[PDB]
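Before any questions on how it binds or moves, here is one chain, the form deposited in one PDB entry, in structure tokens.
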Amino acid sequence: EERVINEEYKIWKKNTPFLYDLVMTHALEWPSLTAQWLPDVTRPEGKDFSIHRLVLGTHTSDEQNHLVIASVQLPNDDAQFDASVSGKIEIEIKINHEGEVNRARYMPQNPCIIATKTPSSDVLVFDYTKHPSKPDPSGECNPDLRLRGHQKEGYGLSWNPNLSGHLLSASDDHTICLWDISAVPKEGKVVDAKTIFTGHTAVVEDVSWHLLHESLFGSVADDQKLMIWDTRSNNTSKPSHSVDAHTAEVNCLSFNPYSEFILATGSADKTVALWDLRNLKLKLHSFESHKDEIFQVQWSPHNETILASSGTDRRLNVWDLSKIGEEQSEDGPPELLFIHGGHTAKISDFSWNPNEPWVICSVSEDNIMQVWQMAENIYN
């Protein structure tokens, strides 16, 4: 209850100046379920800040829902007082959306193309450069593509970084869907799944492509299993490997962007399991610190041994896996590098800034979005 949780926020807040190099907060008109930075930074020559953009969404009680792009002023190399002349966050564009945005993810090869998960099971594809910044007041949603294959809403979504146009989606209907929208002109058309992998027997929580092997991807589901899939394989009902990853629901995974054999998964058993693709009968490690469910996990895009996780315990943990086995005086395992206690509600999503190391955006259920960055002496 917000009783003790508030005591800790009062304490957290008073402590931020030398726990962080930057805390920015912004309250959204509606809560976002999804958060991902766009790769492209803009930096005017005159000013001493640079402009990044996020892909956010809405989750309303009713009303109208929108796909959102937001701009963030991030310092370059001044000094000032950082997060407290205070750098601004604005909405750059809303696009009418059929129901809440379960997730929004841009395409690595063309960052204008954005895919969203709707609750009507539909996956939609937008080019936001083809919609006005001010949404049509009719409230009607006009996607450039409509991807069909699912029966139920979902969350998991993943573009293939080495195969342009190939999109995978995960769902409550127990299925994974592949679309190849490559030869597909993006002007409204309906496209049906190329392939549907039926391995799992419960709700599929997430799926992600391997980052260097085009054929490989992995999904996780509420059936407590991590499955590694191959598209070469003609069998879509049984994946190449299968693991019992956790003792409760498996809600996310994220392949290591520097190390081709390493992935991690996040669950409802309050843990993050480190995995080695070369041998799945052995969990490498179990990061234990969260006190409630885990719903998101991301590798740092800068440093190969940094990992983050977030979920219901209203906290975002940042892990360093090289400090496995190190001795202590403890207040948690040595691999636990930082506890971000900035949110006073369950966190829905976070995403590392791809251009600004250690800068993280994170959003929670009480419409609070935080752009923040831990102080440098913590990782030096």
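The term rigid core refers to the maximal set of C-alpha atoms that superpose within 1.5 Å between the two forms. Position 1 is the first residue in the sequence shown; the rest follow in order.
Although not depicted, the form deposited in another entry is the subject of the following passage.
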Residue among 124, 141, 252, 178 with C-alpha shift of 2 Å or more between the shown form and the other one, core superposed: 141
State yes or no: after fitting on the rigid core, is the Cα displacement of residue 187 between the shown form and the other one at least 2 Å? yes
Checking residue 293 here: with the core superposed, does its CA move 2 Å or more between the shown form and the other one? no
State yes or no: after fitting on the rigid core, is the Cα displacement of residue 152 between the shown form and the other one at least 2 Å? yes
Compare the CA separation of residue 151 and residue 346 in that other deposited form with the one in the displayed structure, and answer closer or farther (the difference is at least 3 Å). closer
Cα of residue 266 vs residue 152, shift of 3 Å or more in that other deposited form, relative to this form: the pair sits closer
